[PDB]
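These notes concern the structure reproduced below.
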Ligand SMILES: CC(C)CCC[C@@H](C)[C@H]1CC[C@H]2[C@@H]3CC=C4C[C@@H](OC(=O)CCC(=O)O)CC[C@]4(C)[C@H]3CC[C@]12C
Ligand SMILES: Nc1ncnc2c1ncn2[C@@H]1O[C@H](COP(=O)(O)OP(=O)(O)OP(=O)(O)O)[C@@H](O)[C@H]1O
Ligand SMILES: Nc1ncnc2c1ncn2[C@@H]1O[C@H](COP(=O)(O)OP(=O)(O)O)[C@@H](O)[C@H]1O
Ligand SMILES: [Mg+2]
Ligand SMILES: [Mg+2]
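In PDB author numbering, the protein residues as written are 250 to 327, 341 to 612, 665 to 728, 744 to 912, 975 to 1018, 1028 to 1545.
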């Protein structure tokens, strides 16, 4: 598959051992900063040393040029008989050239091999780091999943590209100094002035690199922030669109984008300055050297000395072409390795089945979240943990798993055994349903079918495209919340471990599915296997089945024992429980984004600059043909104009790139957020966030440099061809054969590169997805103790990706070799033609010296052209989203028709409403009719899939209405603008979507609310005390996803977010699914006493809540069966609502 030397495992072992030695060295000194750079040096130096050796040989074979040009010019002008003959010299020059290119390609080969090995090793290192880092890093804002993915995607690759270019950073100094010494030999002391001019590049480039590094660090910071915001928007589109907050968040993202673009503009300015200095300092050096020689050495330059000197100046200039690129990549790689080294130095993890004694545990802050934890989990018996929101239940489970640092106490596990964890927030991989349920276990049809039947997944999976073999999770078909949770519980049940930790598996399930699970999946299956079970549920009706009961309050265990033991000891708690139970074209578009003034300005300026440079060389040739005021003046003005045009041409391309990036991202963002919700439901979030992150990174930072280098190289090559044709006209005859060869080699390689690039992309997306899915749900992987299998999967995937990239690099080597040999042929033919058929001795020198140049710059033209193609692909994709369908915000109803207080009364009339999500799909609602009075408390109930949530989203026109009316306060919502409808009605969704920032930001992003009303809403939502206790009060931070809070607390925050708006109609959709009964009862009482005037429709998770309601609706497959008061439905014999009440109680 891949040679043992290039397997990721061996390179990883080497790098890890070197890094561990560096860690020991750091431990010794107070510096205490293990350095990745030295570890990489020790591990992978010898390859780079070999590459440097090859490059140093190539440099001498390059200096071979000036000598032969001198000899040929001298002989055309006027033992060892073969040595001087011009044709013999030309043959020798061709041979030396091919050998130099061979050595150069050898160095490039060694460096690419080492870079790929090091990328594999580093990905392995940071992956093992992911498998070791503590979740308290992601929970407290120390880092994010986005940063962990950014490392893998951008920063490792940037370091790899830098390693590709690494040898230059010391080979170029050597070559420049050697050229200066030889120039001294030729030109006397006059060459030392030019030597000083050239030397001044080192201070200049160091300063420019300092500024570039500052700018790049700022750009990376702002890009991370911008992508954080964009990812949150893409994930929470549903809530943002329902609340009409889309544009506020879009504006915030645009502000961060403006800051990032300012940083990018500073970086572009200094990159343009570096290019300008690199190009100009040689022109100034030539001017100074030759003026000084004219005025110092009375003897004029004979043609031989002159053309040798000009050739040496070309040899000096050739390395300077790359210097800007290498400084760019070195600065970016320095920042990347700083990030990687920060990541790799972070926080890491430190009968009775499980007993905890005097356990104090904390979530990393250093303050105990649990205290005096004295518990025991009896072996082979069901334990049930019961408590109100935020009482340390999930915390207790994770503490037993050892996921949070222990301040005191011990845990005994009569090393940890594999425990089956079904986390409260279900986590699914990107494999099929069968792969999620089996989760690395031998398939057994009997057990698989039993578990699937227990979790009632069979009806759901046969409705999927390819039942039991459909790609689930991100990058595949999405599943409803209940489906995902039941799949996760099925995964937990199917494994053959002995301890099963189920953290609230009934949150999304309805009464029927929940009861079926509780009976068949747990009480029967797990007891038949005699497995220990620990349940964390608010379903107090199941306490009769429990064998051991743990009661938690305010982080500490209040009481523990059997039900009878609790009744005997703590009568209060048992009585409380009983009371609670009631017992291409894209390239042209990118270029045109400038507006036809910057594009044409750029092209014209670059043409003129290259013309002036070649004119400088021609003037030197003619001047030394003299063998004077006029010549010095002409030379000086030529050089000055060259410098000026260098400056202009340096600025133009970078400005074009800045503008293109800004416009592309702005269009993408604005069009994406306006799209219909169906688009986000259908398209995986990956296919959008990738556009926003990776393609945007390309368009911002990779296209402008590639384009500018491409233009420089191509214009140098064309200019050399023109100068040669002027020197020897017959060369135009030989131009056609070589051009044909060029076309054919490029044809073949371009198709090959397309194919291998497709392979590389297809092999890397699974690797990034693996890093993602392991970063998330880390606790699950470490609970099943499947870390070894995941390490193996990572190793094999990275080996596959490395094989793909190795083939791509081999194709690059093929084309580089072919084109370099074509250039060598060009040099040989041009030298012969100039020797035999040129008019003046000066012309042959110019022709030969530009023949030398074509070889180097043709390779760059080819390589940069291919890179520009692959990079324009992303512009093609980002622009593609500009084709999307956009939701109709216009609205037919006139603004004057809409009152100032539209939902003043709150009455709604639903007339023959029928709704479906996409055309040619099943109508989920069927001729539903409703009449809710103003100031009416309605309760809607039913089984999952009855269309309650469809009816809820109908009010906000998030579901397409085939036929019907929804008349709210006398206006058909279809006529109104979308935002006036979606802003004057409030809805509480079941799944809490909480953004990063303060409590204020989540409660009121617009900051249009006084703190008093925020406190009021928090008090209604039963969170006033917790927020008061928090360090910052209403300014306290919320991490991404609200992970620093409990799930129930997240839902309560989502309730406060709706209570603040204070509209007249409130659609609460199963909002108390994750909230416990104790909190839920008081919350409902307070909401009824507070919103008594408004109309509230509550899609209820438990019918006990809507037992007290003015009106009750029961849905069944989109049909309203019964429409009356709860008393009437209860008194109906064999009614549906009565059965619901019996089951729930
Ligand atoms: C002029 C001739 C003789 C050689 C042309 C290249 C060289 C001048 C070498 C010597 C000094 C080197 C530079 C000096 C140090 C840096 C800064 C370095 O980035 C940092 O030091 C981090 C930023 C910071 O210091 O805060 C990136 C490479 C770079 C530009 C080096 C690139 C290669 C340079 C320019
Ligand atoms: N990931 C976390 N990082 C840091 N602190 C946390 C984290 N999760 C919860 N906390 C803190 O732990 C305390 C206890 O919450 P815990 O996570 O144990 O909730 P829970 O009782 O299992 O939740 P619920 O019953 O509402 O589902 C909360 O006050 C919260 O501040
Ligand atoms: N995002 C969606 N796209 C298309 N169809 C959906 C979507 N969500 C649910 N449905 C379909 O609508 C029907 C009712 O779903 P839903 O409204 O979620 O019921 P509930 O009232 O239990 O939430 C189901 O049969 C399901 O197939
Ligand atoms: Mg919990
Ligand atoms: Mg629903």
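Ideal Cβ placement from N, Cα and C applies to all residues, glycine included.
{"Check": "Continuous beta strand (DSSP E) assignments of at least 3 residues falling wholly in the segment 1505 to 1542", "Outcome": "1511 to 1516 and 1519 to 1524"}
{"Check": "Member of 1176, 1174 and 1159 whose CA lies at the smallest distance from the CA of residue 1211", "Outcome": "1159"}
{"Check": "Pick from 406, 309, 296 and 320 that is closest to residue 1440, judged by C-alpha positions", "Outcome": "406"}
{"Check": "Alpha-carbon to alpha-carbon, residue 998 and residue 1004", "Outcome": "10 Å"}
{"Check": "Residue 705 Cβ short of 7 Å to ligand 2 heavy atom set", "Outcome": "yes"}
{"Check": "Closest by C-alpha distance to residue 544, when choosing among 1395, 1093, 1007 and 307", "Outcome": "1007"}
{"Check": "Three-state secondary structure (DSSP) of residue 1329", "Outcome": "strand"}
{"Check": "In DSSP terms, what residue 1314 is bridged to", "Outcome": "1363"}
{"Check": "Residue nearest to residue 902 in terms of C-alpha spacing, selected from 1083, 701 and 1108", "Outcome": "701"}
{"Check": "Selection from 434, 355, 1346 and 496 that minimises the alpha carbon distance to residue 1075", "Outcome": "496"}
{"Check": "Proximity test, residue 1081 beta-carbon vs ligand 3 heavy atom, cut-off 7 Å", "Outcome": "yes"}
{"Check": "Shell residues, 7 Å Cβ cut-off relative to heavy atoms of ligand 1", "Outcome": "431, 434, 435, 438, 439, 460, 461, 463, 464, 467, 468, 471, 472, 475, 585, 588, 589, 592, 593 and 596"}
{"Check": "Residues sharing a beta bridge with residue 692, DSSP", "Outcome": "666"}
{"Check": "Residue 1391 Cβ short of 7 Å to ligand 4 heavy atom set", "Outcome": "no"}
{"Check": "Coil, strand or helix - residue 682 by DSSP", "Outcome": "strand"}
{"Check": "Exposure label - residue 759; buried when at least 16 CB within 10 Å", "Outcome": "buried"}
{"Check": "The segment 1217 to 1232 touching the segment 385 to 404, judged by at least three CB pairs closer than 8 Å", "Outcome": "no"}
{"Check": "Where residue 575 falls, given that 16 or more other Cβ within 10 Å makes a residue buried", "Outcome": "buried"}
{"Check": "Close-in-space but distant-in-sequence residues of the same chain around residue 300 (CB under 6 Å, 5 per side omitted)", "Outcome": "369, 372, 373 and 429"}
{"Check": "Run of the alpha helix (DSSP H) containing residue 1222, from where it starts to where it stops", "Outcome": "1187 to 1237"}
{"Check": "Where the alpha helix (DSSP H) containing residue 1273 begins and where it ends", "Outcome": "1241 to 1280"}
{"Check": "Residue 1130 versus residue 1053 - alpha carbon distance", "Outcome": "36 Å"}
{"Check": "Local conformation of residue 759 per DSSP, three classes", "Outcome": "coil"}
{"Check": "beta-carbon residue 898 near ligand 5 non-hydrogen atom, thresh 7 Å", "Outcome": "no"}
{"Check": "Enclosing beta strand (DSSP E) for residue 722 [first to last residue]", "Outcome": "720 to 726"}
{"Check": "Residues near residue 790 by beta carbon distance below 7 Å, same chain, minus five either side", "Outcome": "762, 796 and 797"}
{"Check": "Beta-carbon gap between residue 1466 and residue 1438 smaller than 8 Å", "Outcome": "no"}
{"Check": "Beta-carbon proximity of residue 1305 to residue 1378, cut-off 8 Å", "Outcome": "no"}
{"Check": "Beta-carbon proximity of residue 1387 to residue 1356, cut-off 8 Å", "Outcome": "yes"}
{"Check": "DSSP beta-bridge partners of residue 284", "Outcome": "Bridge partners of residue 284: none, in fact."}
{"Check": "Residue 386 - containing alpha helix (DSSP H), residue span", "Outcome": "348 to 394"}
{"Check": "Where residue 1294 falls, given that 16 or more other Cβ within 10 Å makes a residue buried", "Outcome": "exposed"}
{"Check": "Residue 833 beta carbon near ligand 4 (any heavy atom closer than 7 Å)", "Outcome": "yes"}
{"Check": "Near ligand 3: residue 503 beta-carbon under 7 Å from a heavy atom", "Outcome": "no"}
{"Check": "Nearest to residue 1051 (by Cα), restricted to the options 1168, 978 and 531", "Outcome": "531"}
{"Check": "Given residue 1410 as reference, the closest of 1397, 834 and 1434 once Cα atoms are compared", "Outcome": "1434"}
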